[PDB]
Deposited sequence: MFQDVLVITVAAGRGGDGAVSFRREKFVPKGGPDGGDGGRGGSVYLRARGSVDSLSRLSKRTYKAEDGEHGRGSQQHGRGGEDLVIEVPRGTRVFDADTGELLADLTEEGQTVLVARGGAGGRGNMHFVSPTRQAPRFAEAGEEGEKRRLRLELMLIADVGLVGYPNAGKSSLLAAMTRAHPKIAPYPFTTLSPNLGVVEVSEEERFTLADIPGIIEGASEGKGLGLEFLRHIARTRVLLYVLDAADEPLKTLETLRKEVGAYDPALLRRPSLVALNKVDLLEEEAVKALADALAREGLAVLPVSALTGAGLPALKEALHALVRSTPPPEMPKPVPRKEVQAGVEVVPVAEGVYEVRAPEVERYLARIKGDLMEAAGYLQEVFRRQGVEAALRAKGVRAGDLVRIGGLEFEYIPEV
């Protein structure tokens, strides 16, 4: 996990414009409507894939799905744009980068979520023919596609991840540091269930520790902890290297850091600490000698004992301080139309608030004057006429809506 947090920009495809066309024959002064419908714009989706390890390979360019194709004559409908799928790791939280709203938690293989809807294609002139309109000279432009900023963050298995070989005594240490007994936590996004423990600190706060036990070969066999383990431990905020003080402590740490680095150099930069374990039978001078030699490796070293409790207070505080120094997971912000509202703006002037209608009106293509009837039809079926009538707006008043204006004429 090189990148556990990232903000990307996505934009669905704009639907295609509807066509205003008429059949043309050498001896037919005016053929009927020929305009075809535009195609739907492509949508943008995010999909979880176990193969994608972090957010590091995403992109800076805005992810743009394909626009729909404009309609054409001969009653030819434009083709829809292709969808765009953005692959992210399993265990990815998807937030609106501005809203803070949680769109989804992608944890399963191939789990998908729609993050931006492509705009509908515009209807051609042929679609508006009626008894009064034999040859419509207007149409619908394509609808714009949704656009938004997405904040992605990798789900953690714990605040601190324990790293070490079986001889380090990781489980006994974790048990000694926690009050409540550690529990197996089978996250939906993991393939290895970590043992989770909660550490009670001073700042009334608290942090979690993760250990993934295994029956494997010793560091001597040179086979490491494995990539699967590392990909799991990468989902933590701080790494605690645990070592067996009586078994090549120095060489074991170098072997651990080397493997963690080979997997992802960034993991070595993550706030880390070393817990020197199994020092119960060592003289104080020997422990100090070990510590100093190990500290030279770059990380702070704290000696600990599960049997005496020695060094544990210092370990909990040093970890607590390390976790607090790293950005925490963000909390999902509070969850938070065909509405029609007539607002007076002056004597005889009423501004109509109607999101859907306003956006529709901005898409009218062609002869606007000729669309007057049709738009009046839409206005009624959308409750605009009713909201005006029941509002006291009287005949002759001016109504402003979606940038256009019209003289209110009551229903007889």
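- Message: List the gaps, meaning deposited-sequence segments with no CA coordinates, ordered along the sequence.
- Response: Unobserved in coordinates, per deposited numbering: 337-340, one stretch.
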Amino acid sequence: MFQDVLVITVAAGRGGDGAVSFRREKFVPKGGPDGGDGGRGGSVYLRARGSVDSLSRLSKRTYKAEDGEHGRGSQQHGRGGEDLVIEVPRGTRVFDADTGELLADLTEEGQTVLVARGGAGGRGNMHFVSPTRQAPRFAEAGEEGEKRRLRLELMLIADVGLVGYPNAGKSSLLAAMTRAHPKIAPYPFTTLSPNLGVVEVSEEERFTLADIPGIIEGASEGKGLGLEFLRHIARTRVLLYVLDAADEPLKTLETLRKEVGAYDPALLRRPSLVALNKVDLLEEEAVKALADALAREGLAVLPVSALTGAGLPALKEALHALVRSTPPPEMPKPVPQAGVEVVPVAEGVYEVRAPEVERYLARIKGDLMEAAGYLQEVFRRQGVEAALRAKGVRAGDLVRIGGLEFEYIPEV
From here on, numbers count along this sequence of modelled residues.
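- Query: Of the two stretches 200-208 and 215-223, which shows the higher Cα B-factor on average in the entry?
  - Reply: If you average the C-alpha B-factors of 200-208 and of 215-223, the larger mean comes out for 200-208.
- Message: If you average the CA temperature factors as listed in the entry, which stretch comes out higher, 378-386 or 53-61?
- Response: Comparing 53-61 with 378-386, the higher average CA B-factor belongs to 378-386.
- In terms of CA temperature factor as recorded, identify the highest of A97, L273, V129, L106. Max CA B-factor in the entry, restricted to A97, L273, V129, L106: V129.
- Compare the CA B factors listed in the entry for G38, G42, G366, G32 and report the winner. That would be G32, according to the entry.
- Message: Where does the C-alpha B-factor of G373 rank in its chain, lowest, middle or highest third?
- Response: Ranked within chain, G373 CA B lands in the middle tercile.
- Third of the chain's Cα B-factor distribution that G392 belongs to, per the entry: For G392, the deposited C-alpha B-factor lands in the highest third.
- What third of the chain, by the recorded C-alpha B-factor, contains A135? According to the entry, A135 has a C-alpha B-factor in the chain's highest third.
- Query: Should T191 be placed in the lowest, middle or highest third of its chain by the C-alpha B factor in the entry?
  - Reply: Within its chain, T191 is a lowest-third residue by C-alpha B-factor, going by the deposited values.
- Query: If you rank the chain by CA B-factor, which third does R79 end up in: lowest, middle or highest?
  - Reply: Its C-alpha B-factor belongs to the middle third of this chain's values.
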